[PDB]
Structures are given as C-alpha cells and as structure tokens.
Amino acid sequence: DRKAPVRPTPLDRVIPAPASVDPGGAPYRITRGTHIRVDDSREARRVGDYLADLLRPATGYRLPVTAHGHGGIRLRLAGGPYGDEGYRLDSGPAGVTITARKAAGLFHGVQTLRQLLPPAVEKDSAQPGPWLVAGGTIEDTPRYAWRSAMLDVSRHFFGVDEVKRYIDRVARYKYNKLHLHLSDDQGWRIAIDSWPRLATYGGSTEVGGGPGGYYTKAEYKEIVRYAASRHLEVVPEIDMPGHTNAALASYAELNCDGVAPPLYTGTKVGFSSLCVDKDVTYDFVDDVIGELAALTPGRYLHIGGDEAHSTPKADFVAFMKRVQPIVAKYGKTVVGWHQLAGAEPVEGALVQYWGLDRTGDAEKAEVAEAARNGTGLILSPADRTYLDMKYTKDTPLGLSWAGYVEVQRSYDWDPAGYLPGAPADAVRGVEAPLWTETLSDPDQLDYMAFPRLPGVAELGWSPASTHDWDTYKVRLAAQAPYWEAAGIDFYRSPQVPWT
C-alpha cells in the first residue's frame, strides 16, 4: 500500500526537517466537502488557489477557496514568532490550520502539508485516498535566509515551460531563491536591446551544436512572475569577465584581437575573456547590467567571476574594481563566485563558495577573510551540492572533475563550521547548482537533481540539531512513492532504504 497507506505518514516525516514537531490526537481527513478558508486578501487567496490546484486533480474534490465560513483547511495571517518565512501547522479532526505572518510562510506551510498527505496526492486522476494528515502541531522557521537552486540554461537552453517545471521541483523543499546562469561560452540567453546580436547570434546554439534559444524580455518577466508566485526570488547571472564567448562571438569589437571567436559548442571552461584594456568593454557591461537590473525586481545581481583563466590576475582585479560599482549604480546587491574574494568585494556583496574539501588552505583563507570583512557567504561546494556531479563512476550523465558525490556526502555536513576560520554569522546560506553540459531535457535534470536536491534544502532550512544522516535517509527514502506517482525520475542510491 505504498501509494495509499492504511494510516497517515508520521508528522515529522518531511523534508526539510521542521524546527519543532509535536504529534498528538487524531489526524485530519480531507473529504469531498472540504473548503479552503483564507483571509480576505489577495496574497492569502493566492496561496489558497495554489493549494487548491495542487489537490484537485488527485482528490477530484471541488475545494473552493473563500474568505468566509469555517473551512476544514484554514490559511491565516497573524502575528507570531514565525518571521517572514515561518509558520505553524495545526492538524486534528477539527481541521488543518496554517498560521504565518506572511504569504511565504503560508506557502511553506503548504509544502509541508503536501508531504503529510499520501503519495496518491501526486496523481492527476481522482484517487481513493484517504486524505489523512497526521494530528499535532508543527512550528517551523528557517535557519538560513539564502536557500537557492541554480539552473544553467546556457550550456543547454531550457524554455519558459521547462524552467517553470524546475521551479515547481524546487518549491517543494522551501528554496527561496532561483539563480539563473543566463550566459556562458555556449550561449547568451537574455535579449539585450542595446546589443541585439547577443541573443540572435550568441543564443543561436548550445553544447553539441544545433538550435539554442533565449528569453525575450517578456519571457524573462514571465519566469520571474512565476518564480515569485512560488516565492522564489530570481537571482540572474551574467558571468564576467570569463565564460563570455557567446558575447565575444557576437561582437568582434569586444575581443582583444578584434576578431570574433566562433560560437562554442564544446564542454570545457576557462578559455574566454572580455578585453579588460578596452573601453568598449565597460560600455557593454554597463548596458547589459542596466537592462538586466530593470527586469530584476529581486535584490541581487550575480556577475560570476569564475575561471577567468584567460584574464591575468591583475587585470581581473582591475576589471572587478571597475564593474562591481555598476551593479550598485542600478540599485542591486552584487554577488559573485568566490574568486571575487580575491578582487576586493564591495560593501554588501556576497560571494558564492564552490570550493572543495581538497581546496588549498590559501584559497579557503582568502574566502574566510572576506567573510571576516563583512562579505556574505553562499555555500555550494562542488564536491557537495553540484547536482551535475556524478553519484559514482557508473552514473550515465554529469561530470566527475570534483570526484563523485553520493547522497550522504551531499547531505552530511554543517554550513556553520564548513569553511575553516570563517565566522558562522557570515554564512548567508547554501545553494544547489545544476550545470547542464551533459543535460538536454527535463527528465535528465530530474535524475541529477533528485534525490540530492531535498538534502541541500534541509541544510539551508533545518536546525543543526535535526541534522543526522541515519534518520534523514529514512525521511528521504519515504519520498520514493511520491516521486514515482509524480513522474519524477531520480537516482535510487544504494545508501537510501527506499520505500
């Protein structure tokens, strides 16, 4: 009875592990007449309709959303110790109530509810149920404010609908930021009016050749809107000065030798560079960041800065000193890969650490020092949270430059004491990047993202006190029937006792 258990799943059996779980009493049961009662506000109703849409297919129930009466499922906004993202979930025969200070908290509460319900909830046709929700109370708040997932749409382009699909995958685990790698050597994915060829030419292909693609302003705005509806703040990235071949191939003048390189369809990195000694280079950067910032309601703008190996150190430093201010000029907070820590991060900047266990002390020191100087840290170790990394030598997709990364390794660590000498309060959170050199379709994205994606989300959300592999793997194993019913392919790691 994997699909429709006789009894409800444990109240604590959810990912991320909730801050506080107090089981008790009888469970709630959703029946054909259940109403979803929300506050008389747009934001409240919005979450109600979202919940209704998630449950209608499998239950076949009407589930009307209204601001009157005593619905069996109540979503209420009230004062409380739940911050901007926390919530309280009360379940019992009298009904299920989700309380939070803001919509995001209610949304997060819903993500927990869909896990309390049985696997059959993932089906698209009416199911027998029962639609039980374990009884008791859950009080939940996040450990870190930066819990993101990155999707590389430059190596292989993924359209609006495919991105919306990935957004729904991550929303399940309370991620609150979506980092989009919009440009690299194999493609430029965002239309820039001031530089038309970036998209029309720079976006014409991708890894392996053939058609590429890109987002028009309208498509990008739609992705941001959809992400916002799933409470994901979009963090766009335009990598510079390295990983810039798409742009360089589009405009000969940007190149040091004034010759446009061919469009790149390989899978290597580090060979491209904007010409730091040219003035046109900074007109280009200003134009792009200005247009991107206008399309970005979010607070951050990622300028990359990784593997600028065709850019001498001194030039890299000079380049970043010159471009960082451009971000603030357009009202945004700059973010960069940790290489930026060696190029004087401006005040308020954050750096994304993608180092490994084996990374040299000198490099780790430079990053820990930036943290001491006030730079916020986003942790995404290549040998931990890079979802494109192979599980073992036999994985049919992904890369292995950072070694292999099985499920336990990806989960078994603590962000607070990860980087030696780095102040714990400098750690803003974590990120799970999914690079696409080897992934060309949504199903392949799923196979590499799952089952590690949920784990990284827990590291960003759950209290350190709840972290434990032996008990987490049981909660992870329980997701199997849900993913199977949802049509979500995943790697059945031998380290997990799959349900």
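Numbers follow the displayed sequence, beginning with 1.
- For the pair 415-423 and 158-166, the record assigns the higher mean C-alpha temperature factor to 415-423.
- Look at the mean CA B-factor for 126-134 and for 326-334 in the entry; the higher one is 126-134.
- Take 239, 344, 383, 233 and read off each C-alpha B-factor from the entry; 344 has the highest.
- Across the options 391, 353, 282, 300, the residue with the most elevated CA B-factor in the record is 282.
- Split the chain's modelled residues into thirds by C-alpha temperature factor. Residue 43 is in the highest one.
- When the CA B factors of the chain's modelled residues are split into thirds, the value for residue 431 lands in the lowest one.
- Split the chain's modelled residues into thirds by C-alpha temperature factor. Residue 311 is in the highest one.
- Residue-level temperature factors show residue 56 in the highest third of its chain, judged at the C-alpha atom.
- The entry lists a Cα temperature factor for residue 26 that places it in the highest third of the chain's modelled residues.
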